[PDB]
Amino acid sequence: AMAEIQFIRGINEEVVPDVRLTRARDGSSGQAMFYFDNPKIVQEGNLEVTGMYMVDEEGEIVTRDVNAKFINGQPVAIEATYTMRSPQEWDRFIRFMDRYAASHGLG
Amino acid sequence: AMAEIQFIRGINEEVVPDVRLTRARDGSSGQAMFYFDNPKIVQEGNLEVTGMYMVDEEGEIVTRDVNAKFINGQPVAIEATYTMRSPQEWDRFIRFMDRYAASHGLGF
């Protein structure tokens with residue numbers, strides 16, 4: 001059902017990110033990269049962003065590797081990276097992404 | 001087995017691609033782009049690749065937009081793009097991608 005991404009807890013981000021998914025050659029680890037073009041939270045959030053929260057029926061998945069991009073003093077974008085080091089983390093993440101991509105589809 | 005990717009129909013590709021998923025800002029279209037680093041079909045390198053086939057319990061999803069990718073003058077890799085123009089196409093592709101990613105996961 002409901003799956004969302006939040007930069008501040010309790011606030012769902014409207015902008016849909018580009019998502020890049022990689023898997024290590026030996027199958028030991030994986031990475032999901034999110035790139036947000038002018039996300040609402042930058043439009044004067046106004047609260048400082050300390051993490052990204054992937055929120056669904058199971059709870060949260062959390063990454064602290066999150067960085068705003070600035071041009072001439074203005075945050076214009078956000079990049080986030082989520083690294084998975086175990087089968088359980090990979091499986092948990094795919095479940096979230098499915099719920100997210102399905103409720104974030106085309107018109 | 002749930003889902004596989006094929007360059008030649010009937011042969012499952014062993015190399016797992018890097019995958020990039022985009023959505024147009026107005027929600028009108030979406031795109032998935034695939035990067036295969038030296039996929040077996042290139043290493044063994046006999047049959048000519050005319051398409052990429054995404055195969056699962058529901059059937060196949062197909063794209064003809066598939067290209068040899070060169071590194072230092074050598075066709076060592078493949079790029080593919082699958083474009084979705086409708087809600088039906090998006091939802092169906094997400095179903096494949098779930099099954100593929102779930103059966104292509106991590107070891108120890």
# chains A, B, ... in the order shown; residues from 1 in each chain; ligands from 1
>>> closest_atom_pairs(of="chain A", to="chain B", cutoff="8 Å", atoms="only C-alpha atoms", output="JSON lines")
{"residue": "A:16", "atom": "CA", "partner": "B:23", "partner_atom": "CA", "distance": 7.4}
{"residue": "A:17", "atom": "CA", "partner": "B:22", "partner_atom": "CA", "distance": 7.4}
{"residue": "A:18", "atom": "CA", "partner": "B:22", "partner_atom": "CA", "distance": 4.9}
{"residue": "A:19", "atom": "CA", "partner": "B:21", "partner_atom": "CA", "distance": 5.2}
{"residue": "A:20", "atom": "CA", "partner": "B:20", "partner_atom": "CA", "distance": 4.3}
{"residue": "A:21", "atom": "CA", "partner": "B:19", "partner_atom": "CA", "distance": 5.2}
{"residue": "A:22", "atom": "CA", "partner": "B:18", "partner_atom": "CA", "distance": 4.9}
{"residue": "A:23", "atom": "CA", "partner": "B:18", "partner_atom": "CA", "distance": 7.1}
{"residue": "A:27", "atom": "CA", "partner": "B:106", "partner_atom": "CA", "distance": 5.0}
{"residue": "A:28", "atom": "CA", "partner": "B:107", "partner_atom": "CA", "distance": 5.4}
{"residue": "A:29", "atom": "CA", "partner": "B:106", "partner_atom": "CA", "distance": 6.4}
{"residue": "A:30", "atom": "CA", "partner": "B:106", "partner_atom": "CA", "distance": 7.5}
{"residue": "A:86", "atom": "CA", "partner": "B:106", "partner_atom": "CA", "distance": 6.4}
{"residue": "A:87", "atom": "CA", "partner": "B:106", "partner_atom": "CA", "distance": 4.8}
{"residue": "A:90", "atom": "CA", "partner": "B:105", "partner_atom": "CA", "distance": 6.5}
{"residue": "A:91", "atom": "CA", "partner": "B:102", "partner_atom": "CA", "distance": 6.5}
{"residue": "A:94", "atom": "CA", "partner": "B:98", "partner_atom": "CA", "distance": 6.8}
{"residue": "A:95", "atom": "CA", "partner": "B:98", "partner_atom": "CA", "distance": 7.8}
{"residue": "A:98", "atom": "CA", "partner": "B:98", "partner_atom": "CA", "distance": 6.2}
{"residue": "A:101", "atom": "CA", "partner": "B:94", "partner_atom": "CA", "distance": 6.9}
{"residue": "A:102", "atom": "CA", "partner": "B:91", "partner_atom": "CA", "distance": 6.3}
{"residue": "A:105", "atom": "CA", "partner": "B:90", "partner_atom": "CA", "distance": 6.5}
{"residue": "A:106", "atom": "CA", "partner": "B:87", "partner_atom": "CA", "distance": 4.8}
{"residue": "A:107", "atom": "CA", "partner": "B:27", "partner_atom": "CA", "distance": 5.5}
>>> write_last_selection(atoms="C-alpha atoms", output="PDB file, in the first residue's frame")
ATOM      1  CA  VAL A  16      10.206  11.489  -7.227  1.00  0.00           C
ATOM      2  CA  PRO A  17      13.960  10.735  -7.393  1.00  0.00           C
ATOM      3  CA  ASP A  18      16.055   9.065 -10.081  1.00  0.00           C
ATOM      4  CA  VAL A  19      17.090   5.747  -8.605  1.00  0.00           C
ATOM      5  CA  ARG A  20      20.236   3.817  -9.434  1.00  0.00           C
ATOM      6  CA  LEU A  21      20.698   0.263  -8.185  1.00  0.00           C
ATOM      7  CA  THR A  22      24.020  -1.551  -8.200  1.00  0.00           C
ATOM      8  CA  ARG A  23      25.196  -4.949  -6.973  1.00  0.00           C
ATOM      9  CA  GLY A  27      27.431 -10.407  -4.691  1.00  0.00           C
ATOM     10  CA  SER A  28      28.666  -9.338  -1.242  1.00  0.00           C
ATOM     11  CA  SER A  29      27.095  -5.838  -1.159  1.00  0.00           C
ATOM     12  CA  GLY A  30      24.716  -3.486  -3.023  1.00  0.00           C
ATOM     13  CA  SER A  86      23.477  -8.459   3.921  1.00  0.00           C
ATOM     14  CA  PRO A  87      20.799 -10.564   2.157  1.00  0.00           C
ATOM     15  CA  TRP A  90      18.777  -6.217   0.206  1.00  0.00           C
ATOM     16  CA  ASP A  91      15.462  -8.088   0.575  1.00  0.00           C
ATOM     17  CA  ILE A  94      13.483  -4.303  -2.519  1.00  0.00           C
ATOM     18  CA  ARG A  95      10.193  -4.760  -0.701  1.00  0.00           C
ATOM     19  CA  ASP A  98       8.316  -2.181  -4.947  1.00  0.00           C
ATOM     20  CA  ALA A 101       7.510   2.475  -7.433  1.00  0.00           C
ATOM     21  CA  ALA A 102       4.017   0.985  -7.668  1.00  0.00           C
ATOM     22  CA  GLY A 105       3.797   5.355 -11.251  1.00  0.00           C
ATOM     23  CA  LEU A 106       2.616   6.950 -14.533  1.00  0.00           C
ATOM     24  CA  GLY A 107      -0.453   9.030 -15.481  1.00  0.00           C
TER      25      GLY A 107
END
>>> select_by_dssp(residues="region 16-51 of chain A", states="strand (DSSP E)", output="ChimeraX atom specification")
/A:18-23,30-37
>>> closest_residue(among="A:97, A:76, A:84, A:5", to="residue 43 (chain A)", atoms="only C-alpha atoms")
A:76
>>> residues_around(residues="residue 69 (chain A)", least_positions_apart="6", cutoff="10 Å", atoms="only C-alpha atoms", output="number ranges by chain")
A: 36-38, 42, 75-79
>>> atom_distance(atom1="CA of residue 32 (chain A)", atom2="CA of residue 10 (chain A)")
22.3 Å
>>> decode(residues="region 14-41 of chain A", atoms="N, CA and C atoms", output="compact mmCIF listing (two decimals), in the first residue's frame")
# COMPACT_ATOMS: atom_id res chain seq x y z
N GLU A 14 7.39 15.10 -2.16
CA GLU A 14 6.58 15.00 -3.38
C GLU A 14 7.37 14.65 -4.63
N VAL A 15 8.58 15.17 -4.70
CA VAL A 15 9.44 14.96 -5.86
C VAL A 15 9.86 13.50 -5.87
N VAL A 16 9.76 12.86 -7.03
CA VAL A 16 10.21 11.49 -7.23
C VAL A 16 11.65 11.51 -7.71
N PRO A 17 12.54 10.75 -7.04
CA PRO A 17 13.96 10.73 -7.39
C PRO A 17 14.28 9.87 -8.61
N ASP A 18 15.44 10.09 -9.23
CA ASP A 18 16.06 9.06 -10.08
C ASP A 18 16.69 8.03 -9.16
N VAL A 19 16.57 6.76 -9.49
CA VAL A 19 17.09 5.75 -8.61
C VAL A 19 18.06 4.88 -9.39
N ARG A 20 19.26 4.71 -8.85
CA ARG A 20 20.24 3.82 -9.43
C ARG A 20 20.55 2.66 -8.48
N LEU A 21 20.51 1.44 -9.00
CA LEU A 21 20.70 0.26 -8.19
C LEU A 21 21.90 -0.52 -8.70
N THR A 22 22.85 -0.79 -7.82
CA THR A 22 24.02 -1.55 -8.20
C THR A 22 24.20 -2.74 -7.27
N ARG A 23 24.91 -3.75 -7.75
CA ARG A 23 25.20 -4.95 -6.97
C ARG A 23 26.70 -5.23 -7.15
N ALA A 24 27.37 -5.55 -6.05
CA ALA A 24 28.80 -5.82 -6.09
C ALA A 24 29.08 -7.04 -6.94
N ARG A 25 30.24 -7.05 -7.57
CA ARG A 25 30.61 -8.12 -8.48
C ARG A 25 30.56 -9.52 -7.82
N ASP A 26 30.96 -9.58 -6.56
CA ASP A 26 31.02 -10.85 -5.86
C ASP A 26 29.71 -11.15 -5.16
N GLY A 27 28.74 -10.24 -5.29
CA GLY A 27 27.43 -10.41 -4.69
C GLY A 27 27.42 -10.14 -3.20
N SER A 28 28.51 -9.57 -2.68
CA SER A 28 28.67 -9.34 -1.24
C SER A 28 27.90 -8.12 -0.71
N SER A 29 27.77 -7.09 -1.54
CA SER A 29 27.09 -5.84 -1.16
C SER A 29 26.30 -5.21 -2.32
N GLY A 30 25.44 -4.24 -2.01
CA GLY A 30 24.72 -3.49 -3.02
C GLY A 30 24.50 -2.01 -2.63
N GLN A 31 24.13 -1.17 -3.60
CA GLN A 31 23.90 0.25 -3.33
C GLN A 31 22.68 0.80 -4.08
N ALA A 32 21.90 1.59 -3.38
CA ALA A 32 20.84 2.33 -4.03
C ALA A 32 21.16 3.82 -3.93
N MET A 33 21.15 4.50 -5.07
CA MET A 33 21.44 5.92 -5.11
C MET A 33 20.19 6.69 -5.55
N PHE A 34 19.88 7.78 -4.87
CA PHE A 34 18.67 8.56 -5.14
C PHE A 34 19.10 9.96 -5.51
N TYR A 35 18.57 10.51 -6.60
CA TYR A 35 18.91 11.89 -6.90
C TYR A 35 17.63 12.68 -7.07
N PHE A 36 17.44 13.68 -6.21
CA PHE A 36 16.22 14.49 -6.23
C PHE A 36 16.49 15.85 -6.84
N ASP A 37 15.72 16.17 -7.88
CA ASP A 37 15.78 17.45 -8.59
C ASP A 37 14.81 18.46 -7.95
N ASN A 38 15.36 19.51 -7.36
CA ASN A 38 14.56 20.51 -6.64
C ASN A 38 13.47 19.95 -5.72
N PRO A 39 13.86 19.17 -4.70
CA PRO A 39 12.86 18.58 -3.82
C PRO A 39 12.21 19.65 -2.97
N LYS A 40 10.95 19.40 -2.61
CA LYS A 40 10.14 20.32 -1.83
C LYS A 40 10.80 20.74 -0.51
N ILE A 41 11.53 19.81 0.11
CA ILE A 41 12.16 20.04 1.41
C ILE A 41 13.24 21.15 1.39
